[PDB]
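Below: entry.pdb (PDB, N, CA and C atoms)
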ATOM      1  N   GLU K   1     -37.578  15.449 -96.408
ATOM      2  CA  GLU K   1     -36.188  15.786 -96.146
ATOM      3  C   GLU K   1     -36.089  17.261 -95.775
ATOM      4  N   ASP K   2     -35.535  17.540 -94.593
ATOM      5  CA  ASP K   2     -35.566  18.908 -94.084
ATOM      6  C   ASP K   2     -34.599  19.812 -94.839
ATOM      7  N   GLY K   3     -33.508  19.249 -95.364
ATOM      8  CA  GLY K   3     -32.560  20.044 -96.125
ATOM      9  C   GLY K   3     -33.078  20.505 -97.471
ATOM     10  N   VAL K   4     -34.100  19.840 -98.002
ATOM     11  CA  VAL K   4     -34.676  20.207 -99.291
ATOM     12  C   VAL K   4     -35.605  21.397 -99.105
ATOM     13  N   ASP K   5     -35.432  22.420 -99.940
ATOM     14  CA  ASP K   5     -36.330  23.565 -99.918
ATOM     15  C   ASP K   5     -37.741  23.140-100.310
ATOM     16  N   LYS K   6     -38.727  23.753 -99.658
ATOM     17  CA  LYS K   6     -40.119  23.364 -99.827
ATOM     18  C   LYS K   6     -40.885  24.246-100.804
ATOM     19  N   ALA K   7     -40.329  25.391-101.203
ATOM     20  CA  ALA K   7     -41.055  26.283-102.101
ATOM     21  C   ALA K   7     -41.176  25.686-103.497
ATOM     22  N   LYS K   8     -40.062  25.194-104.048
ATOM     23  CA  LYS K   8     -40.084  24.611-105.387
ATOM     24  C   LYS K   8     -41.074  23.459-105.454
ATOM     25  N   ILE K   9     -41.036  22.583-104.449
ATOM     26  CA  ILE K   9     -42.041  21.534-104.346
ATOM     27  C   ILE K   9     -43.426  22.143-104.198
ATOM     28  N   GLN K  10     -43.524  23.340-103.612
ATOM     29  CA  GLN K  10     -44.837  23.959-103.459
ATOM     30  C   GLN K  10     -45.451  24.290-104.816
ATOM     31  N   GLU K  11     -44.694  24.937-105.717
ATOM     32  CA  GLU K  11     -45.325  25.173-107.018
ATOM     33  C   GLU K  11     -45.434  23.884-107.822
ATOM     34  N   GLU K  12     -44.579  22.894-107.549
ATOM     35  CA  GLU K  12     -44.742  21.601-108.209
ATOM     36  C   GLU K  12     -46.098  20.983-107.874
ATOM     37  N   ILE K  13     -46.443  20.948-106.584
ATOM     38  CA  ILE K  13     -47.745  20.426-106.175
ATOM     39  C   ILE K  13     -48.872  21.329-106.653
ATOM     40  N   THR K  14     -48.646  22.643-106.732
ATOM     41  CA  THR K  14     -49.684  23.516-107.276
ATOM     42  C   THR K  14     -49.990  23.167-108.730
ATOM     43  N   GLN K  15     -48.947  22.966-109.537
ATOM     44  CA  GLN K  15     -49.147  22.570-110.926
ATOM     45  C   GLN K  15     -49.824  21.209-111.013
ATOM     46  N   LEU K  16     -49.432  20.275-110.144
ATOM     47  CA  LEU K  16     -50.060  18.957-110.151
ATOM     48  C   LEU K  16     -51.533  19.036-109.759
ATOM     49  N   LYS K  17     -51.877  19.920-108.821
ATOM     50  CA  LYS K  17     -53.276  20.101-108.441
ATOM     51  C   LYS K  17     -54.085  20.704-109.582
ATOM     52  N   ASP K  18     -53.511  21.677-110.293
ATOM     53  CA  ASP K  18     -54.187  22.207-111.474
ATOM     54  C   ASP K  18     -54.379  21.119-112.522
ATOM     55  N   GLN K  19     -53.377  20.252-112.684
ATOM     56  CA  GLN K  19     -53.505  19.126-113.603
ATOM     57  C   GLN K  19     -54.630  18.193-113.173
ATOM     58  N   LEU K  20     -54.740  17.931-111.869
ATOM     59  CA  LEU K  20     -55.819  17.084-111.367
ATOM     60  C   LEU K  20     -57.181  17.706-111.638
ATOM     61  N   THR K  21     -57.300  19.020-111.442
ATOM     62  CA  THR K  21     -58.561  19.696-111.736
ATOM     63  C   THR K  21     -58.902  19.594-113.219
ATOM     64  N   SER K  22     -57.898  19.763-114.084
ATOM     65  CA  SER K  22     -58.125  19.627-115.519
ATOM     66  C   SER K  22     -58.563  18.213-115.877
ATOM     67  N   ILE K  23     -57.952  17.206-115.251
ATOM     68  CA  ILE K  23     -58.368  15.824-115.477
ATOM     69  C   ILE K  23     -59.816  15.634-115.048
ATOM     70  N   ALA K  24     -60.169  16.175-113.880
ATOM     71  CA  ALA K  24     -61.509  15.978-113.340
ATOM     72  C   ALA K  24     -62.572  16.623-114.220
ATOM     73  N   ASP K  25     -62.318  17.834-114.716
ATOM     74  CA  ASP K  25     -63.356  18.529-115.471
ATOM     75  C   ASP K  25     -63.373  18.164-116.950
ATOM     76  N   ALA K  26     -62.218  17.846-117.538
ATOM     77  CA  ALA K  26     -62.161  17.573-118.970
ATOM     78  C   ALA K  26     -62.685  16.188-119.327
ATOM     79  N   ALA K  27     -62.501  15.203-118.447
ATOM     80  CA  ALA K  27     -62.819  13.810-118.761
ATOM     81  C   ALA K  27     -64.333  13.616-118.747
ATOM     82  N   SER K  28     -64.965  13.979-119.860
ATOM     83  CA  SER K  28     -66.399  13.815-120.038
ATOM     84  C   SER K  28     -66.667  13.296-121.441
ATOM     85  N   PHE K  29     -67.777  12.575-121.596
ATOM     86  CA  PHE K  29     -68.151  12.021-122.891
ATOM     87  C   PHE K  29     -69.303  12.784-123.532
ATOM     88  N   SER K  30     -70.451  12.864-122.864
ATOM     89  CA  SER K  30     -71.626  13.529-123.419
ATOM     90  C   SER K  30     -72.362  14.297-122.333
ATOM     91  N   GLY K  31     -71.613  14.953-121.451
ATOM     92  CA  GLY K  31     -72.181  15.674-120.338
ATOM     93  C   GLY K  31     -72.286  14.880-119.054
ATOM     94  N   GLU K  32     -72.217  13.553-119.127
ATOM     95  CA  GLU K  32     -72.190  12.697-117.942
ATOM     96  C   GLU K  32     -70.769  12.169-117.792
ATOM     97  N   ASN K  33     -69.936  12.943-117.101
ATOM     98  CA  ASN K  33     -68.541  12.584-116.893
ATOM     99  C   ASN K  33     -68.345  11.545-115.798
ATOM    100  N   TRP K  34     -69.394  11.211-115.046
ATOM    101  CA  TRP K  34     -69.323  10.278-113.922
ATOM    102  C   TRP K  34     -68.342  10.740-112.849
ATOM    103  N   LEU K  35     -67.951  12.013-112.895
ATOM    104  CA  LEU K  35     -67.047  12.610-111.926
ATOM    105  C   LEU K  35     -67.532  14.022-111.632
ATOM    106  N   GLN K  36     -66.986  14.615-110.570
ATOM    107  CA  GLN K  36     -67.334  15.980-110.172
ATOM    108  C   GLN K  36     -68.837  16.130-109.959
ATOM    109  N   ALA K  37     -69.466  15.078-109.444
ATOM    110  CA  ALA K  37     -70.901  15.110-109.226
ATOM    111  C   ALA K  37     -71.242  16.016-108.047
ATOM    112  N   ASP K  38     -72.515  16.393-107.966
ATOM    113  CA  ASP K  38     -73.004  17.253-106.898
ATOM    114  C   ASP K  38     -73.444  16.386-105.725
ATOM    115  N   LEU K  39     -72.760  16.533-104.590
ATOM    116  CA  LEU K  39     -73.035  15.742-103.397
ATOM    117  C   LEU K  39     -73.870  16.504-102.375
ATOM    118  N   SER K  40     -74.768  17.378-102.837
ATOM    119  CA  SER K  40     -75.662  18.066-101.913
ATOM    120  C   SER K  40     -76.571  17.077-101.196
ATOM    121  N   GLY K  41     -77.122  16.112-101.929
ATOM    122  CA  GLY K  41     -77.905  15.056-101.322
ATOM    123  C   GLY K  41     -77.041  13.915-100.828
ATOM    124  N   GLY K  42     -75.845  13.787-101.398
ATOM    125  CA  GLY K  42     -74.893  12.781-100.980
ATOM    126  C   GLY K  42     -75.164  11.377-101.474
ATOM    127  N   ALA K  43     -76.168  11.182-102.326
ATOM    128  CA  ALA K  43     -76.527   9.851-102.804
ATOM    129  C   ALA K  43     -76.814   9.876-104.298
ATOM    130  N   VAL K  44     -75.962  10.554-105.066
ATOM    131  CA  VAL K  44     -76.139  10.599-106.512
ATOM    132  C   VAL K  44     -75.804   9.235-107.105
ATOM    133  N   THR K  45     -76.659   8.760-108.009
ATOM    134  CA  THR K  45     -76.502   7.451-108.626
ATOM    135  C   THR K  45     -76.725   7.568-110.125
ATOM    136  N   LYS K  46     -75.811   6.997-110.905
ATOM    137  CA  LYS K  46     -75.913   6.975-112.355
ATOM    138  C   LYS K  46     -76.053   5.535-112.829
ATOM    139  N   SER K  47     -76.834   5.347-113.889
ATOM    140  CA  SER K  47     -77.193   4.018-114.355
ATOM    141  C   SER K  47     -76.956   3.896-115.853
ATOM    142  N   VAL K  48     -76.742   2.657-116.289
ATOM    143  CA  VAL K  48     -76.559   2.318-117.695
ATOM    144  C   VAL K  48     -77.595   1.267-118.063
ATOM    145  N   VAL K  49     -78.290   1.479-119.181
ATOM    146  CA  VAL K  49     -79.324   0.543-119.612
ATOM    147  C   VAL K  49     -78.685  -0.810-119.881
ATOM    148  N   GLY K  50     -79.086  -1.817-119.108
ATOM    149  CA  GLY K  50     -78.456  -3.120-119.185
ATOM    150  C   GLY K  50     -79.145  -4.119-120.091
TER     151      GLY K  50
ATOM    152  N   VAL R   1     -83.047  -0.859 -97.325
ATOM    153  CA  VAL R   1     -83.547  -0.308 -96.073
ATOM    154  C   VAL R   1     -83.455  -1.388 -95.008
ATOM    155  N   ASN R   2     -82.830  -1.057 -93.882
ATOM    156  CA  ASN R   2     -82.665  -1.990 -92.774
ATOM    157  C   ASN R   2     -83.683  -1.651 -91.691
ATOM    158  N   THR R   3     -84.670  -2.532 -91.511
ATOM    159  CA  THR R   3     -85.622  -2.357 -90.419
ATOM    160  C   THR R   3     -84.921  -2.444 -89.071
ATOM    161  N   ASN R   4     -83.964  -3.360 -88.945
ATOM    162  CA  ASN R   4     -83.184  -3.516 -87.726
ATOM    163  C   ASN R   4     -81.703  -3.423 -88.059
ATOM    164  N   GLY R   5     -80.845  -3.817 -87.121
ATOM    165  CA  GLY R   5     -79.410  -3.753 -87.322
ATOM    166  C   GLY R   5     -78.904  -4.498 -88.542
ATOM    167  N   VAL R   6     -79.698  -5.436 -89.055
ATOM    168  CA  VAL R   6     -79.352  -6.200 -90.248
ATOM    169  C   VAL R   6     -80.039  -5.573 -91.454
ATOM    170  N   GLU R   7     -79.315  -5.500 -92.568
ATOM    171  CA  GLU R   7     -79.839  -4.904 -93.785
ATOM    172  C   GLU R   7     -80.763  -5.882 -94.509
ATOM    173  N   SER R   8     -81.609  -5.330 -95.378
ATOM    174  CA  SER R   8     -82.557  -6.136 -96.133
ATOM    175  C   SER R   8     -82.920  -5.402 -97.415
ATOM    176  N   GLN R   9     -83.471  -6.154 -98.362
ATOM    177  CA  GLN R   9     -83.900  -5.626 -99.650
ATOM    178  C   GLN R   9     -85.419  -5.553 -99.684
ATOM    179  N   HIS R  10     -85.947  -4.409-100.111
ATOM    180  CA  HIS R  10     -87.383  -4.193-100.185
ATOM    181  C   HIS R  10     -87.744  -3.586-101.532
ATOM    182  N   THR R  11     -88.946  -3.907-102.003
ATOM    183  CA  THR R  11     -89.470  -3.394-103.259
ATOM    184  C   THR R  11     -90.676  -2.510-102.975
ATOM    185  N   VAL R  12     -90.625  -1.271-103.459
ATOM    186  CA  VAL R  12     -91.690  -0.299-103.245
ATOM    187  C   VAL R  12     -91.924   0.456-104.547
ATOM    188  N   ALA R  13     -93.187   0.768-104.826
ATOM    189  CA  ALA R  13     -93.528   1.503-106.035
ATOM    190  C   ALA R  13     -92.942   2.909-105.992
ATOM    191  N   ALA R  14     -92.526   3.400-107.154
ATOM    192  CA  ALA R  14     -91.935   4.722-107.287
ATOM    193  C   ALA R  14     -92.912   5.665-107.976
ATOM    194  N   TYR R  15     -92.905   6.921-107.539
ATOM    195  CA  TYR R  15     -93.800   7.944-108.061
ATOM    196  C   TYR R  15     -92.978   9.058-108.693
ATOM    197  N   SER R  16     -93.345   9.440-109.913
ATOM    198  CA  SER R  16     -92.635  10.499-110.614
ATOM    199  C   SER R  16     -92.860  11.841-109.929
ATOM    200  N   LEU R  17     -91.815  12.673-109.925
ATOM    201  CA  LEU R  17     -91.918  13.992-109.308
ATOM    202  C   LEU R  17     -92.934  14.869-110.029
ATOM    203  N   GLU R  18     -93.067  14.703-111.347
ATOM    204  CA  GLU R  18     -94.035  15.495-112.098
ATOM    205  C   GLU R  18     -95.460  15.195-111.654
ATOM    206  N   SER R  19     -95.763  13.922-111.386
ATOM    207  CA  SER R  19     -97.102  13.564-110.929
ATOM    208  C   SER R  19     -97.424  14.226-109.596
ATOM    209  N   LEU R  20     -96.452  14.267-108.683
ATOM    210  CA  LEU R  20     -96.672  14.925-107.400
ATOM    211  C   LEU R  20     -96.839  16.430-107.573
ATOM    212  N   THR R  21     -95.928  17.064-108.318
ATOM    213  CA  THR R  21     -95.964  18.516-108.455
ATOM    214  C   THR R  21     -97.160  18.998-109.266
ATOM    215  N   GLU R  22     -97.760  18.132-110.084
ATOM    216  CA  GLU R  22     -98.914  18.545-110.876
ATOM    217  C   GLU R  22    -100.149  18.734-110.003
ATOM    218  N   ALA R  23    -100.297  17.912-108.965
ATOM    219  CA  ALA R  23    -101.481  17.925-108.118
ATOM    220  C   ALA R  23    -101.362  18.893-106.944
ATOM    221  N   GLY R  24    -100.477  19.882-107.033
ATOM    222  CA  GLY R  24    -100.340  20.859-105.972
ATOM    223  C   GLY R  24     -99.734  20.291-104.706
ATOM    224  N   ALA R  25     -98.457  19.928-104.761
ATOM    225  CA  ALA R  25     -97.769  19.285-103.650
ATOM    226  C   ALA R  25     -96.820  20.267-102.981
ATOM    227  N   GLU R  26     -96.943  20.401-101.665
ATOM    228  CA  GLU R  26     -95.969  21.159-100.894
ATOM    229  C   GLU R  26     -94.672  20.367-100.769
ATOM    230  N   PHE R  27     -93.552  21.084-100.773
ATOM    231  CA  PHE R  27     -92.241  20.458-100.719
ATOM    232  C   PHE R  27     -91.375  21.135 -99.668
ATOM    233  N   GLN R  28     -90.499  20.342 -99.053
ATOM    234  CA  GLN R  28     -89.513  20.865 -98.111
ATOM    235  C   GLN R  28     -88.358  19.875 -98.061
ATOM    236  N   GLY R  29     -87.210  20.266 -98.608
ATOM    237  CA  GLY R  29     -86.071  19.374 -98.671
ATOM    238  C   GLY R  29     -86.351  18.139 -99.500
ATOM    239  N   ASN R  30     -86.490  16.995 -98.839
ATOM    240  CA  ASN R  30     -86.821  15.732 -99.484
ATOM    241  C   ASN R  30     -88.171  15.216 -98.999
ATOM    242  N   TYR R  31     -89.145  16.116 -98.885
ATOM    243  CA  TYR R  31     -90.482  15.779 -98.416
ATOM    244  C   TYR R  31     -91.521  16.304 -99.395
ATOM    245  N   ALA R  32     -92.575  15.519 -99.604
ATOM    246  CA  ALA R  32     -93.713  15.914-100.420
ATOM    247  C   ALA R  32     -94.997  15.653 -99.646
ATOM    248  N   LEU R  33     -95.931  16.598 -99.717
ATOM    249  CA  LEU R  33     -97.198  16.527 -98.994
ATOM    250  C   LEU R  33     -98.343  16.892 -99.938
ATOM    251  N   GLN R  34     -98.409  16.181-101.068
ATOM    252  CA  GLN R  34     -99.451  16.415-102.065
ATOM    253  C   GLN R  34    -100.835  16.473-101.429
ATOM    254  N   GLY R  35    -101.228  15.403-100.746
ATOM    255  CA  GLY R  35    -102.496  15.382-100.046
ATOM    256  C   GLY R  35    -102.360  14.763 -98.672
ATOM    257  N   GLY R  36    -103.270  13.851 -98.327
ATOM    258  CA  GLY R  36    -103.101  13.091 -97.102
ATOM    259  C   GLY R  36    -101.860  12.222 -97.129
ATOM    260  N   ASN R  37    -101.527  11.677 -98.296
ATOM    261  CA  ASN R  37    -100.326  10.870 -98.440
ATOM    262  C   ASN R  37     -99.078  11.740 -98.341
ATOM    263  N   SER R  38     -98.001  11.141 -97.838
ATOM    264  CA  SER R  38     -96.725  11.821 -97.678
ATOM    265  C   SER R  38     -95.656  11.054 -98.441
ATOM    266  N   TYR R  39     -94.883  11.767 -99.256
ATOM    267  CA  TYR R  39     -93.828  11.170-100.058
ATOM    268  C   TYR R  39     -92.480  11.759 -99.669
ATOM    269  N   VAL R  40     -91.449  10.915 -99.702
ATOM    270  CA  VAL R  40     -90.082  11.333 -99.426
ATOM    271  C   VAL R  40     -89.179  10.806-100.532
ATOM    272  N   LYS R  41     -88.028  11.455-100.682
ATOM    273  CA  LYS R  41     -87.030  11.071-101.671
ATOM    274  C   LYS R  41     -85.918  10.304-100.969
ATOM    275  N   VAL R  42     -85.645   9.088-101.440
ATOM    276  CA  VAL R  42     -84.644   8.236-100.807
ATOM    277  C   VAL R  42     -83.270   8.434-101.451
ATOM    278  N   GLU R  43     -83.141   8.179-102.755
ATOM    279  CA  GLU R  43     -81.951   8.589-103.494
ATOM    280  C   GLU R  43     -82.295   9.490-104.673
ATOM    281  N   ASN R  44     -83.184   9.059-105.570
ATOM    282  CA  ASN R  44     -83.600   9.890-106.693
ATOM    283  C   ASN R  44     -85.088   9.827-106.994
ATOM    284  N   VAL R  45     -85.829   8.870-106.444
ATOM    285  CA  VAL R  45     -87.242   8.685-106.749
ATOM    286  C   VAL R  45     -88.057   8.942-105.492
ATOM    287  N   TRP R  46     -89.273   9.446-105.678
ATOM    288  CA  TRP R  46     -90.177   9.722-104.572
ATOM    289  C   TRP R  46     -91.040   8.497-104.300
ATOM    290  N   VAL R  47     -91.072   8.067-103.038
ATOM    291  CA  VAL R  47     -91.841   6.902-102.626
ATOM    292  C   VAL R  47     -92.713   7.284-101.438
ATOM    293  N   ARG R  48     -93.787   6.521-101.254
ATOM    294  CA  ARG R  48     -94.713   6.776-100.159
ATOM    295  C   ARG R  48     -94.027   6.543 -98.820
ATOM    296  N   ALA R  49     -94.259   7.447 -97.876
ATOM    297  CA  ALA R  49     -93.674   7.373 -96.548
ATOM    298  C   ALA R  49     -94.775   7.343 -95.497
TER     299      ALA R  49
END
Render the structure in this file as structure tokens.
Amino acid sequence: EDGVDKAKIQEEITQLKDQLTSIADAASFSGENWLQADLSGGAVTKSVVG
Amino acid sequence: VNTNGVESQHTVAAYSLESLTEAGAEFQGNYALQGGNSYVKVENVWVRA
């Protein structure tokens, strides 16, 4: 909506992005969070003893 | 590994990185050149190439 100011929404999305980063980094169990992996090789695979 | 346009499943022996690095293996990216044999890394394990 063009009549709505975009700055307030700007810090709203900034706070939401910080929240997303906190979700991504905090959600871990024992060092293997299964998220925020290193994609230098692009084929990281994690396994569970079945 | 797909030999042709169609995919397929293959079984190949895996070699530990410690075994390669113990015998004086040159490395570059995902390549190993311990001796005459050449090893590459596919996802996490080194296999003969």
Exercise for the section: Within chain R, find each residue whose DSSP state, derived from the backbone, is helix (DSSP H, G or I), and express the selection as a PyMOL selection string. Expected result: chain R and resi 17-22
Problem - Within 12 Å of chain R: residues of chain K, using only C-alpha atoms, as a PyMOL selection string - result: chain K and resi 39-47
Handout entry: Distance query residue 47 in chain R at most 8 Å, all atoms listed in the file, self and fewer than 5 positions along chain excluded, as a list in words
Key = residues 12, 13, 14, 15, 16, 38, 39, 40, 41 and 42 of chain R
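The gap separating atom C of residue 50 in chain K from atom C of residue 10 in chain R is 20.5 Å, in Å to one decimal.
Across the model, the gap from CA of residue 48 in chain R to CA of residue 25 in chain R is 13.3 Å.
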Exercise for the section: Could you jot down the atom N of residue 20 in chain R to atom N of residue 2 in chain R separation for me, Å, one decimal place? Expected result: 25.3 Å
Around all the atoms of range 22-33 of chain K listed in the file, with 5 Å of room on each side, what axis-aligned box do you get, giving centre and edge lengths in Å to one decimal, as lines of an AutoDock Vina configuration file?
center_x = -65.1
center_y = 15.7
center_z = -118.4
size_x = 24.5
size_y = 18.2
size_z = 20.2
Handout entry: Nearby residues (only N, CA and C atoms) at most 7 Å from residue 35 in chain R, same-chain spacing under 2 positions excluded, as a VMD selection string
Key = chain R and resid 24 to 26 32 to 33 37 to 38
